[PDB]
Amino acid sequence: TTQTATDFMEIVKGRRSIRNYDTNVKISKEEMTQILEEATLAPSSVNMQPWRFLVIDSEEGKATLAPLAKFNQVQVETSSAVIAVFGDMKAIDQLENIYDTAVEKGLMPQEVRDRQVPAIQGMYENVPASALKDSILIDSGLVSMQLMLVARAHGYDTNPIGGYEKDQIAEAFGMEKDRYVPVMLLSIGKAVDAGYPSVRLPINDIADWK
């Protein structure tokens, strides 16, 4: 249905927030899996990979989401899916699994893992929750950007969305409480129109050389 793109600069420069999608185009399980695999290649602090996703694409899921998305119902209804991005406050719990996997795949020495897992755990035991949260938001921002661009590599488009009932969404989809920080929604689908161009500030307004 969609055109694969490879040109980095067209993928980046041509990205806009697209609010209207083709309601007859759906993204397959395997293609969404690939898009997410490609997106999650992003970096994160100590490779903790705190990002978590709901791929809301079923009729019943769209129905549950719609009431929560405020003023953003066109994106929610017409989209192939809405990807709900969260940060996991328990992200450091995966460290042993991540570093164990690095060891198993030949990518990290055992001795290195033996030393850095307790070292990193130690550091994070003395980080306030507010600091950890700030770090998880930055990293979730990172993966969300790469996701938007990966979407366009696959011929899709997206709209990052903050206008939704963030405090209701976890419970609405059966997620455990007090764990998952809502980051954004991201609609994804085949664009049916070009969107609208927008301005950016001149660089001399926002950067200083030192």
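Note that residue numbering begins at 1 and tracks the sequence as displayed.
*Asks:* When the C-alpha temperature factors are averaged for each of 90 to 98 and 123 to 131, which stretch ends up with the higher value in the entry?
*Replies:* Comparing 90 to 98 with 123 to 131, the higher average CA B-factor belongs to 123 to 131.
*Asks:* Mean C-alpha B-factor higher for 79 to 87, or for 107 to 115?
*Replies:* Per the PDB record, 107 to 115.
*Asks:* Considering every modelled residue of the chain and its Cα B-factor in the PDB entry, is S140 in the lowest, middle or highest third?
*Replies:* It belongs to the middle third of the chain when residues are ordered by C-alpha B-factor.
*Asks:* Among the modelled residues of its chain, does the C-alpha B-factor of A194 lie in the lowest, middle or highest third?
*Replies:* According to the entry, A194 has a C-alpha B-factor in the chain's highest third.
*Asks:* Quick check for you: using the entry's CA B-factors within this chain, is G162 in the lowest, middle or highest third?
*Replies:* For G162, whose C-alpha B-factor we compare with every modelled residue in the chain, the answer is the middle third.
*Asks:* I11's Cα B-factor: lowest, middle or highest third of the chain?
*Replies:* Within its chain, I11 is a lowest-third residue by C-alpha B-factor, going by the deposited values.
*Asks:* When the modelled residues of the chain are sorted by Cα temperature factor, does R52 land in the lowest, middle or highest third?
*Replies:* Middle third.
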